[PDB]
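In PDB author numbering, the protein residues as written are 25 to 103.
Note that the Cβ used here is the ideal one computed from N, Cα and C, for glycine as well.
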DNA sequence: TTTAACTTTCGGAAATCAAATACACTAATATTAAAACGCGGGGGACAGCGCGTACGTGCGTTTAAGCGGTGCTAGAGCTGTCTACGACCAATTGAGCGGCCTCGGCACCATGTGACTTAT
């Protein structure tokens with residue numbers, strides 16, 4: 025239950041960075057779900073990059089290449 | 001002590017020059033499929049509302065998150081060394097469609113000998 029360990033006050037304060045103030049309860053479970061989906065895919069891409077690289081420790085370059093292929097390219101790390 | 005820029009060259013590239021298509025558009029044409037004017041309409045989307053509701057709003061006691069030591073080891077990254085493996089050359093093919101030929105079969109003129117005959 026690690027994704028439940030991602031606590032509902034946590035999801036709340038994330039909503040408040042998100043600019044909203046009222047959020048239904050099942051949003052917490054389904055924001056957990058969206059985090060789960062994106063994490064699953066980026067982990068797939070980065071883990072596979074890592075597996076091919078033969079350094080089976082998952083690397084930041086693997087992560088940023090995953091995000092880049094996804095179109096979600098992130099700065100500050102591949103540099 | 002290791003990442004460059006001098007160079008010293010050269011042989012494929014990237015210009016040029018040219019003509020061979022060939023395609024775009026600028027354009028007549030009657031038609032004629034869709035445009036766009038023109039009035040109701042349903043239908044619906046919003047005004048206004050009651051009260052149920054649902055996520056915050058608010059307290060108590062928890063829980064994990066966060067440190068803060070305590071290893072210890074699994075890989076990081078690096079192998080110093082042996083190939084393999086693929087990039088090159090070329091030969092080592094090949095098949096497909098023109099080329100010669102060359103088969104045999106026709107029509108035509110040549111040559112010798114068997115009749116016979118005659119004037120030897």
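The beta carbon of residue 93 is closer than 7 angstroms to those of 69 in its chain, skipping five residues each way along the sequence. Residue 90 and residue 46 have their alpha carbons spaced roughly 33 angstroms apart. For residue 62, the enclosing alpha helix (DSSP H) stretches over residues 49-77. In the structure shown, residue 25 adopts coil according to DSSP, grouped into three states. Annotation: residue 58 to residue 71 spans about 19 angstroms, alpha carbon to alpha carbon.
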